[PDB]
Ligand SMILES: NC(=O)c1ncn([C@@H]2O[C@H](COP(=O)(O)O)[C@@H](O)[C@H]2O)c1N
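There is one chain below, alone, in structure tokens, taken in the form solved without the ligand.
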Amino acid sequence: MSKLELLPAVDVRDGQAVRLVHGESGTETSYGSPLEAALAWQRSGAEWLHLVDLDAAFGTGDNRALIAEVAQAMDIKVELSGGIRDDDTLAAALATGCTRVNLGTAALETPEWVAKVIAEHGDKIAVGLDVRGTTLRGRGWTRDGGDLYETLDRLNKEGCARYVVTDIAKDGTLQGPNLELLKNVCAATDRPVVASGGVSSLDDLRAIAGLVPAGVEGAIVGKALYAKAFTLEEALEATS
């Protein structure tokens, strides 16, 4: 009923809260302590934290203990992502008591594993779709991931509860969300869609909120909050 969920992000690389541009390794701007960033969002009224281990995502080690420390400090909902691609990584992620995880690369690379984990864990699983036109991209050996609609059909029919949708071209660039893409994904499923990437302004958040009736549930917000484009309090006011 008009409300858009907001998920301020903390992405971790080499023990730091960082923002990348187009999700590309080596474009890091560091914002200091992940724990302090997460604590600040929570103090500012966040209902969700979107917490990401980028080292795990990129295959350059991991920040497992730090990610756990951050999650333990949260009294709010936590959506956890980054290199979750096998049983052991999934087990540790879920042991945080996070509200849900995101699987990204895994859905392209081992579709049978994603099917199994959806079946076993239900709506504790959401799948990230990283879209270039109509093609999906991952972080393993797969620049080609598959056709967007074929992957959505397979995941829909396997019972996937929720999708996290990113246009790599808008990521960390502050150029506005890809509304056409979000709406195209809403056409292709009845499951909730979470927008990820591209937010630069309060008006961008209002535009994403305008898609709630079409099936967009929330928006993950990174660079604009760290850049102080607006305060989390202002964002919360604008998204009902």
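So that the term is clear: the rigid core is the largest set of C-alpha atoms that superpose within 1.5 Å between two forms. Each residue number is its position in the shown sequence, starting from 1.
This protein has a second form, the form deposited with the ligand bound, left out of what is shown; the following refers to that one.
Each of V52, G83 and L103 places at least one heavy atom within 4.5 Å of the ligand in the bound PDB entry. Contact check for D130: a heavy atom falls within 4.5 Å of the ligand in the bound PDB entry.
Taking the partner from the other structure, the ligand in the bound PDB entry has a heavy atom within 4.5 Å of a heavy atom of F58. Remark: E24 counts among the residues lining the ligand in the bound PDB entry, judged by a heavy atom distance of 4.5 Å or less. Within 4.5 Å of some heavy atom of the ligand in the bound PDB entry lies at least one heavy atom of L20. Shown alone, this chain has one stretch from 67-75, 155-163, 117-125, 139-147 that lies within 4.5 Å of the ligand in the bound PDB entry by heavy atoms: 139-147. Shown in the overlay between this form and the one not shown, fitted on the rigid core, is a CA shift at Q72 smaller than 2 Å. If you fit the rigid core between this form and the one not shown, you'll see the Cα of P111 move by less than 2 angstroms. The rigid-core alignment places the CA of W141 2 Å or more apart between this form and the one not shown. In the bound PDB entry, the Cα positions of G140 and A57 lie at least 3 Å nearer to each other than in the form displayed. Put simply, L155 and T142 spread apart in the bound PDB entry: their C-alpha atoms are 3 Å or more farther than in the form shown.
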